[PDB]
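Next comes just one chain, in structure tokens: the form deposited without guanosine-3'-monophosphate (3GP).
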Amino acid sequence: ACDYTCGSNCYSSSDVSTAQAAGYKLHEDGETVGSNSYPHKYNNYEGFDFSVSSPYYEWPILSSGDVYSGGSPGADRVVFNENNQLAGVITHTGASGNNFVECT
């Protein structure tokens, strides 16, 4: 029941989880993926309704349902916390630069 479509996606909170598990696992290990430092804090602000408690961790979401491993994952990105939850589904969808925005 895709609930988070990043323009060209279809991974509801059920799909995000998978992506999160990645961000978390690596997070719980304190490791990163790629040349960047993901996951990492994402202290929302743009106006995200994260039905989760902080801190919020931003992580990329692979439309393939895999675990990112680079610096440039894509517009599609999942946000969570240190609990194993999901903040939502952000995307570089013309967010107006490097800004993020909850997918559709």
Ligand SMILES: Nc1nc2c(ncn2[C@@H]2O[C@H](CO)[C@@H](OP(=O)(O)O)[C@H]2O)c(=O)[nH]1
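The first residue of the sequence shown is number 1, and the count goes up from there.
A second form of this protein, the form solved in complex with guanosine-3'-monophosphate (3GP), is not displayed here; the remarks below concern that form.
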Site status for guanosine-3'-monophosphate (3GP) placed as in the entry with it bound, C-alpha superposition, 2.4 Å backbone or C-beta test: open
Residue contact check: residue 4 to guanosine-3'-monophosphate (3GP) in the entry with it bound, 4.5 Å heavy atom: no
4.5 angstroms heavy atom contact with guanosine-3'-monophosphate (3GP) in the entry with it bound for residue 32: no
Touches guanosine-3'-monophosphate (3GP) in the entry with it bound: residue 28 (any heavy atom, 4.5 Å): no
Touches guanosine-3'-monophosphate (3GP) in the entry with it bound: residue 63 (any heavy atom, 4.5 Å): no
Members of 22-41 lying within 4.5 angstroms of guanosine-3'-monophosphate (3GP), judged by heavy atom, in the entry with it bound: 36, 38, 40, 41
